[PDB]
Each structure stands twice: as structure tokens, then as C-alpha cells.
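Below: data.txt (compact mmCIF, C-alpha atoms and all ligand atoms)
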# COMPACT_ATOMS: atom_id res chain seq x y z
CA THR X 1 16.04 -72.23 -39.20
CA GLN X 2 17.70 -68.85 -39.89
CA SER X 3 18.34 -66.17 -37.23
CA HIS X 4 16.50 -62.88 -36.62
CA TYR X 5 17.17 -60.43 -39.46
CA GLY X 6 18.93 -63.29 -41.29
CA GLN X 7 18.11 -64.49 -44.74
CA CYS X 8 15.30 -67.05 -45.26
CA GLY X 9 15.17 -66.42 -49.00
CA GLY X 10 16.95 -64.43 -51.64
CA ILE X 11 17.66 -64.26 -55.33
CA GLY X 12 21.09 -65.82 -54.66
CA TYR X 13 20.69 -67.25 -51.18
CA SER X 14 22.02 -70.65 -50.06
CA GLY X 15 21.07 -71.27 -46.42
CA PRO X 16 18.08 -72.35 -44.28
CA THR X 17 14.64 -71.39 -45.75
CA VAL X 18 12.81 -71.51 -42.43
CA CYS X 19 12.69 -68.60 -40.01
CA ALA X 20 13.31 -69.17 -36.27
CA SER X 21 10.33 -70.11 -34.11
CA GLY X 22 10.59 -66.49 -32.84
CA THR X 23 11.06 -65.12 -36.40
CA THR X 24 8.96 -65.31 -39.63
CA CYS X 25 9.81 -65.45 -43.37
CA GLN X 26 9.06 -62.05 -44.89
CA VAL X 27 10.24 -59.95 -47.83
CA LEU X 28 12.45 -56.88 -47.40
CA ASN X 29 13.32 -56.64 -51.11
CA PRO X 30 13.06 -58.82 -54.27
CA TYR X 31 16.68 -59.99 -53.68
CA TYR X 32 16.58 -60.44 -49.89
CA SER X 33 13.89 -62.15 -47.77
CA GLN X 34 14.48 -61.71 -44.11
CA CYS X 35 13.58 -63.58 -40.93
CA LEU X 36 11.53 -61.34 -38.64
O1 LIG E 101 15.80 -72.04 -36.77
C1 LIG E 101 16.33 -70.99 -35.93
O2 LIG E 101 16.47 -71.48 -34.60
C2 LIG E 101 17.41 -72.57 -34.51
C3 LIG E 101 17.50 -73.00 -33.07
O3 LIG E 101 16.22 -73.42 -32.58
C4 LIG E 101 18.78 -72.23 -35.10
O4 LIG E 101 19.56 -73.41 -35.17
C5 LIG E 101 18.62 -71.61 -36.46
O5 LIG E 101 19.84 -71.28 -37.11
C6 LIG E 101 17.67 -70.45 -36.37
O6 LIG E 101 18.17 -69.39 -35.55
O1 LIG E 102 20.71 -66.39 -37.56
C1 LIG E 102 22.08 -65.95 -37.42
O2 LIG E 102 22.93 -66.90 -38.06
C2 LIG E 102 22.61 -67.09 -39.46
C3 LIG E 102 23.59 -68.10 -40.04
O3 LIG E 102 23.49 -69.38 -39.40
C4 LIG E 102 22.65 -65.75 -40.22
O4 LIG E 102 22.19 -65.92 -41.56
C5 LIG E 102 21.84 -64.68 -39.50
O5 LIG E 102 21.90 -63.40 -40.14
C6 LIG E 102 22.28 -64.59 -38.05
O6 LIG E 102 23.61 -64.09 -37.91
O1 LIG E 103 23.69 -70.04 -51.71
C1 LIG E 103 24.66 -70.42 -52.69
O2 LIG E 103 25.03 -69.30 -53.50
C2 LIG E 103 25.62 -68.22 -52.74
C3 LIG E 103 25.92 -67.05 -53.67
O3 LIG E 103 24.77 -66.62 -54.41
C4 LIG E 103 26.86 -68.70 -52.00
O4 LIG E 103 27.42 -67.66 -51.20
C5 LIG E 103 26.53 -69.92 -51.16
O5 LIG E 103 27.66 -70.39 -50.41
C6 LIG E 103 25.92 -70.99 -52.06
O6 LIG E 103 26.82 -71.51 -53.04

Kindly transcribe the structure held in the file into C-alpha cells.
Ligand SMILES: *O[C@H]1O[C@H](CO)[C@@H](O)[C@H](O)[C@@H]1O
Ligand SMILES: *O[C@H]1O[C@H](CO)[C@@H](O)[C@H](O)[C@@H]1O
Ligand SMILES: *O[C@H]1O[C@H](CO)[C@@H](O)[C@H](O)[C@@H]1O
Amino acid sequence: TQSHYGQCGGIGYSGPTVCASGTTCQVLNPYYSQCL
């Protein structure tokens, strides 16, 4: 997964695309999707 307040998705992101089992994939901005 990715950590809390980490990146699950982005325009130019290159890491885990799954949020933590305590966090969820959500959008903060069209260039940064956060794990909440
Ligand atoms: O997926 C999230 O939890 C994992 C541990 O269960 C971590 O390895 C990962 O990087 C995320 O924090
Ligand atoms: O989840 C934590 O580690 C991640 C990298 O493995 C980061 O993307 C995240 O922001 C946290 O620091
Ligand atoms: O995720 C991939 O692109 C990123 C920059 O947009 C790099 O920082 C990363 O290491 C990967 O190459």
C-alpha cells in the first residue's frame, strides 16, 4: 500500500496505487491523489 497522507495516484506518481487498510484512495487535486 501507501501510507496515510501519502500518494496513491498522481499525474507523475510512481509508487504503490493502493491505500493502507486504514487509509483510502481519494483525490486532493488533479495532480495528487492521497491516501486517507
Ligand atoms: O499498504 C500500507 O500498509 C502496508 C503495511 O500493511 C505498508 O507496507 C504500505 O507501505 C502502506 O502503508
Ligand atoms: O506511507 C509512508 O511511506 C510512503 C512511501 O513508502 C510515503 O509515500 C508516504 O507519504 C508515507 O511517508
Ligand atoms: O513515478 C516515476 O516518475 C516519478 C517522477 O514523475 C519519479 O520520481 C519516480 O521515481 C518514477 O520514475

Original post:
When the cut-off is 9 Å and you count only C-alpha atoms and all ligand atoms, which residues lie near ligand LIG 101 (chain E), shown as an MDAnalysis selection string?
Top reply: chainID X and resid 1:4 6 16 18:23

**OP:** Please extract the residues at most 10 Å from ligand LIG 103 (chain E), counting all atoms listed in the file, and provide them as number ranges by chain, using the chain letters and residue numbers of this document.
**Re:** X: 9-16

Subject >> Distance criterion (all atoms listed in the file): nearest to ligand LIG 102 (chain E) out of X:24, X:36, X:7, X:29 >> reply: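 Checking each of X:24, X:36, X:7, X:29 against ligand LIG 102 (chain E), counting all atoms listed in the file, the winner is X:7.
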
What box, with edges along x, y and z, holds each listed atom of ligand LIG 102 (chain E) when 8 Å is added on every side, and can you state its centre and edge lengths in Å to one decimal, as AutoDock Vina command-line options?
--center_x 22.2 --center_y -66.4 --center_z -39.5 --size_x 18.9 --size_y 22.0 --size_z 20.1

**OP:** Could you tell me which of X:17, X:5, X:25, X:30 comes closest to ligand LIG 102 (chain E) if we count all atoms listed in the file?
**Re:**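 Smallest distance to ligand LIG 102 (chain E) is found for X:5.
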